[PDB]
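Counting the sequence shown from 1 gives a position; the entry's author numbering is that position plus 1. What follows is one structure encoded as structure tokens, with my remarks underneath.
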Amino acid sequence: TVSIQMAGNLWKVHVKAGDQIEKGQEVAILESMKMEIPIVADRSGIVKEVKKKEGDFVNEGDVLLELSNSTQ
Numbered sequence: 002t003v004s005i006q007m008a009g010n011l012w013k014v015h016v017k018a019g020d021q022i023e024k025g026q027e028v029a030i031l032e033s034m035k036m037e038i039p040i041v042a043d044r045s046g047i048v049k050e051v052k053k054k055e056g057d058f059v060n061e062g063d064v065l066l067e068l069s070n071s072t073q
């Protein structure tokens with residue numbers, strides 16, 4: 002999994018299931034603190050699933066996406 006790390010609203014999301022991410026690649030944007038903050042892949046992988054959408058509420062530790070198992 003990869004998760005949000007602050008309270009806010011998930012401004013936009015750029016992944017989809019079957020997409021590729023790499024550690025530090027942009028994955029979403031979070032709006033909070035009257036600012037916008039990029040959200041990145043904490044690790045590389047294929048996006049197995051996405052758990053959020055644009056404009057949804059999000060929190061510190063709230064899941065953003067899930068990735069391929071190491072066997073893949």
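For each residue, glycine too, the CB sits at the ideal point set by N, CA and C.
- Within the same chain, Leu31 come within 6 Å of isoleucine 38 by CB-CB distance, once the 5 residues on both sides are set aside.
- Note: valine 48 is bridge-paired with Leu68 in the DSSP secondary-structure output.
- The Cβ neighbour count for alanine 8, taken over all protein chains shown within 10 Å, is under 16; the residue is labelled exposed.
- Spatial neighbours of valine 59 in its own chain (CB-CB distance under 7 Å, excluding positions within 5 residues in sequence) are listed in chain order as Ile5, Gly9, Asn10, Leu11, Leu31, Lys53.
- In the DSSP annotation of this structure, the continuous segment of the beta strand (DSSP E) that includes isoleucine 40 starts and ends at 36-41.
- Where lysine 13 is concerned, the enclosing beta strand (DSSP E) starts and stops at 9-14.
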